Every structure is written in structure tokens, then in C-alpha cells.
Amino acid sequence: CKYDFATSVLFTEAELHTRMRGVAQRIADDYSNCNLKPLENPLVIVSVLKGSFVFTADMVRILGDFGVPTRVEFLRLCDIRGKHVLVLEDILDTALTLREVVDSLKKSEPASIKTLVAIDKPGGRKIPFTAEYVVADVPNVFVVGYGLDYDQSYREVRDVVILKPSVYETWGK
């Protein structure tokens, strides 16, 4: 590991962007008949969690690459009724946050609504929940990077790494 605060690099910046391009192609095809256009009818991007800003910034730019115009909202509301909504989240774990955000947004009745997460932790669920688009899976380990923090730190790490246990063991004390 090139990082002195990590035991392993799980996904590099290039790997994530490669995967996110595969997802952007699915989104473009998926919404091909939604008549998405700037101002008139963009895809409403609802970014959840403070750390999601890194992923949201890269995803929205990649989405524009594939002809998907967007409009970003942050909850870390606008006018979603009748409009297509895509919730983005950097990590999906217990799914308790996503379920609540999805259910509440439905109260506004948008044309459609789907979710996209950068890191899915399939093994952390406390309720059933599947995201329409997943960039990468991560086992049951504490990772930081790509916006994911440990106590507000390491968000800027370009890759998704396993935080060396000596880091958070010494920081709690």
C-alpha cells in the first residue's frame, strides 16, 4: 500500500471512474426516452451525505459526458413532482438513510426515482434495499477515501482504502 495510513487499496480512482462510465452508459440508455434536456427537463440529482460531494462531482460530469443533463440538490428541497430523480450516495450500508430519503421523495410524486451509490456494503444492511446502480462492492471493512471519511478526515484520498487499524485505535484514545 502506497498509503502509510492504509493496509490495502481496494479501488483506485481509475477503477472507480471506469466503473462509473459503465453505469453512465446504462443511465443514458435507461433514460433514453425521458427527453432529458438542460433547464427544460434535467435529471434531478439528489446527493446524500456530506462525503458524497466527491462522487457527485465526478458522476455528474461523467453523466454529462454521456449526454445526460443534470441538476444537483444536496441534503447532507426543490421541485421534483413530475420530474425524474436519481439519488446518489457515496456509501450504502444499513440502507436506513436511503430508504428514508427515497420514501419521503416519493411523497412528491416524481416521474420516476432510482438510486446510485459509489460504494455498496452488501453485508451491512439492517433492512432489505437494492440500489438500481452500484459502482463497486466492499466487504465488511472500514474504508476511507473518495469522499468517505474517518472523523471528517481522509475524504480527499483519491482511492477507497482500508484504514490502518492503528489510525482509529489511537484516535479514539
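A residue's number is simply how far along the shown sequence it sits, counting from 1.
**Q.** residue 103 dropped from a third or more of the other entries of this protein
**A.** No; none of the other entries leave residue 103 out.
Q | Entries skipping residue 79: at least a third of other ones | A | Yes, residue 79 lacks coordinates in at least a third of the other compared entries.
(Q) How big is the unmodelled gap, if any, between residue 81 and residue 82 relative to the deposited sequence? Choose none, 1 to 3, 4 to 9, or 10 or more. (A) Gap size class: none, per the record.
Q) What stretch has the higher average Cα B-factor here, 32-40 or 111-119? A) Mean C-alpha B-factor is greater for 32-40.
(Q) Quick check: 146-154 versus 160-168, which has the larger average CA B-factor in the record? (A) The entry gives the higher C-alpha B-factor average to 160-168.
Q) Which is it among 75, 85, 88, 92: the one with the largest CA B-factor in the entry? A) It is 75.
Q. Highest Cα B-factor in the PDB entry belongs to which of 134, 127, 48, 62?
A. Top of the list by C-alpha B-factor: 127.
**Q.** Assigned third (lowest, middle, highest) for the C-alpha B factor of residue 105
**A.** Top third by C-alpha B-factor.
Q.
Taking only the Cα B-factors deposited for this chain, tell me whether residue 56 sits in the lowest, middle or highest third.
A. Its C-alpha B-factor belongs to the lowest third of this chain's values.
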